[PDB]
Amino acid sequence: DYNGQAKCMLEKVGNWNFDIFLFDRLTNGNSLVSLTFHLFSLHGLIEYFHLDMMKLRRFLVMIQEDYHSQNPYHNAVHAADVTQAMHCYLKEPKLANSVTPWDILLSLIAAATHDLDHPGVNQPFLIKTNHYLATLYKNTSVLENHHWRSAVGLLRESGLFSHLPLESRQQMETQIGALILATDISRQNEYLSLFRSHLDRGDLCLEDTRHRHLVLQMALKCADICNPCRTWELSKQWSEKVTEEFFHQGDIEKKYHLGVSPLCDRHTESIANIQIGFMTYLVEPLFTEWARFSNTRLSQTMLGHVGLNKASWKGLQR
Ligand SMILES: C#Cc1csc2c(=O)n(CC)c(NC3CCCC3)nc12
Ligand SMILES: [Mg+2]
Ligand SMILES: [Zn+2]
């Protein structure tokens with residue numbers, strides 16, 4: 001049954017209401033490997049790039065296993081969710097009609113690896129505790145640079161692309177980095193303003209790689225914060241997990257006199273209030289610009305869920 005139903009759910013991997021939680025329970029925690037493998041084969045990538053399936057499984061397992069499963073939110077199930085969303089966005093017509101197999105490959109790798117080896121605490125925390133990552137990356141997109149360099153390390157170690165030219169391997173590394181770095185939420189204003197100006201001007205040319213990669217970066221940013229655009233029953237699980245992780249960082253800050261970060265204080269802060277502010281100020285602006293770019297049923301469905309989920313959180317107030 002368990003392998004039966006898993007295989008079965010993957011028939012609906014293009015669906016916005018895909019249930020990654022059930023999927024991960026069904027696979028005893030193998031959701032990122034098993035979904036991503038399926039997508040490589042669905043998008044034809046194993047053939048297009050002459051991939052060794054043994055090396056691909058090894059690669060995917062190294063990724064999945066380098067997530068910290070004890071993180072309430074930043075674990076391989078979140079990676080798998082982001083990868084599944086990225087897949088839905090790659091199916092939108094303006095992307096499906098311009099992306100090459102190389103773009104699809106880099107998008108799905110970047111989605112799978114984008115929070116790799118995440119410690120479960122944020123950049124301000126690592127900076128104020130003098131963590132070696134904050135030094136190494138000079139206080140700038142500390143976590144994203146760490147996920148990216150960790151991804152590069154796994155790419156090199158797996159040999160998966162060893163039969164491609166060195167210059168293609170290097171280019172793969174660099175374009176994945178630009179995708180992962182776009183997920184630094186502290187810089188969403190720079191990405192969103194540039195994207196919005198391109199949409200005002202109407203100047204995007206998707207047959208140009210640079211414009212297409214700007215859009216893929218915005219797609220990955222959507223994938224990363226699309227939790228509130230899911231159905232209530234998914235979004236509520238994501239909200240409890242993210243809050244659980246923030247609040248744990250809060251307890252450490254409190255216990256050790258570090259200063260409690262915004263959003264991490266379980267005594268003065270609420271799950272509903274945290275979601276509401278986030279939806280108003282980060283989610284709705286990004287998804288409104290996304291819907292201008294890709295003005296489709298999926299974009300409407302996603303914005304409908306934000307409005308409904310936001311009303312549910314208000315409802316659970318007074
Ligand atoms: C600031 C803030 C947030 C308040 S609620 C909330 C949330 O539910 N998520 C999950 C979508 C993220 N994702 C962020 C974490 C860092 C990158 C994306 N950020 C926040
Ligand atoms: Mg991240
Ligand atoms: Zn993420």
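The numbers here are math on the coordinates, done by the rules we state, and not lab data. A quick note on method: Cβ atoms are made from the backbone with ideal geometry, for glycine too, and the neighbour counts reach across all protein chains shown.
Take the Cα gyration tensor of the stretch 1-154, multiply each eigenvalue by 5, square-root it, and list the three semi-axes largest first, rounded to whole angstrom.
Numbers: eigenvalues 155, 69, 43 Å².
Whole-Å semi-axes of the equivalent ellipsoid: 28, 19, 15.
Can you list the HN-Hα couplings for the stretch 26-41, worked out from phi with the Karplus curve (6.51, -1.76, 1.60; θ = phi - 60°), rounded to whole Hz and with x for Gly and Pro?
In residue order, the calculated couplings are 3, 9, 6, x, 9, 4, 5, 5, 6, 4, 5, 4, 4, 5, 5, 6 Hz.
Quick check: from the Cα gyration tensor, does the stretch 135-253 come out rounded (a/c under 1.5), prolate or oblate?
Details: a/c = 1.80, a/b = 1.19, b/c = 1.52.
Oblate, since a/c reaches 1.5 and b/c is not below a/b.
Using the Cβ atoms and a cut-off under 11 Å, what net charge is assigned to the surroundings of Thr183, where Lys and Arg are +1 and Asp and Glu are -1?
-2
Taking θ = phi - 60°, what integer Hz values does the Karplus form 6.51 cos²θ - 1.76 cosθ + 1.60 yield along the stretch 286-303, in sequence order, with x for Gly and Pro?
Going residue by residue, I get 5, 5, 5, 5, 4, 4, 5, 5, 10, 8, 10, 4, 4, 5, 6, 4, 5, 5 Hz, with x marking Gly and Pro.
Compute the relative contact order of the stretch 190-318 as a whole-number percentage, counting only Cα pairs closer than 8 Å that sit 6 or more residues apart in sequence.
It comes to 30 percent, rounded to a whole number.
Run the paramagnetic zone check for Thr231: 7 angstrom along Cα to Cβ, then residues of the stretch 60-102 with backbone nitrogen under 19 Å.
What the label zone holds, given the 19 Å backbone N cut-off, is 78, 80-89.
Could you give me the ³J(HN,Hα) list for the stretch 250-266, computed from phi with Karplus coefficients 6.51, -1.76, 1.60 and θ = phi - 60°, whole Hz, x at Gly and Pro?
x, 5, 5, 4, 5, 4, 10, 6, 9, x, 7, 5, x, 6, 10, 9, 5
Give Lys254/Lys310; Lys138/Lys310; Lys128/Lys314; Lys12/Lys241; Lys138/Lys255; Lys128/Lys241 a once-over and call out the pairs whose C-alpha atoms are over 31 Å from each other. Mind dumping the intermediate values first?
Numbers: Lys254/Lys310 29 Å; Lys138/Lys310 37 Å; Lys128/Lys314 34 Å; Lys12/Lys241 25 Å; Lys138/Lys255 27 Å; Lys128/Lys241 24 Å.
Too far apart for the 31 Å limit: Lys138/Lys310; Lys128/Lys314.
Could you work out the Kirkwood radius for the chain, taking every pair of different alpha carbons, averaging 1/r and inverting it, reported in Å?
Evaluated on the chain, it is 20.2 Å.
Please check: in the Gaussian network model of the chain (C-alpha springs, under 10 Å), which one of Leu45, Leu35, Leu181 has the largest mean-square fluctuation.
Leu45
What does the helix-only formula give at 222 nm for the chain: each DSSP H stretch with n ≥ 4 adding -39500 (n - 2.57), the total divided by the residues, and the result rounded to the nearest 500 deg cm²/dmol?
-20500 deg cm²/dmol
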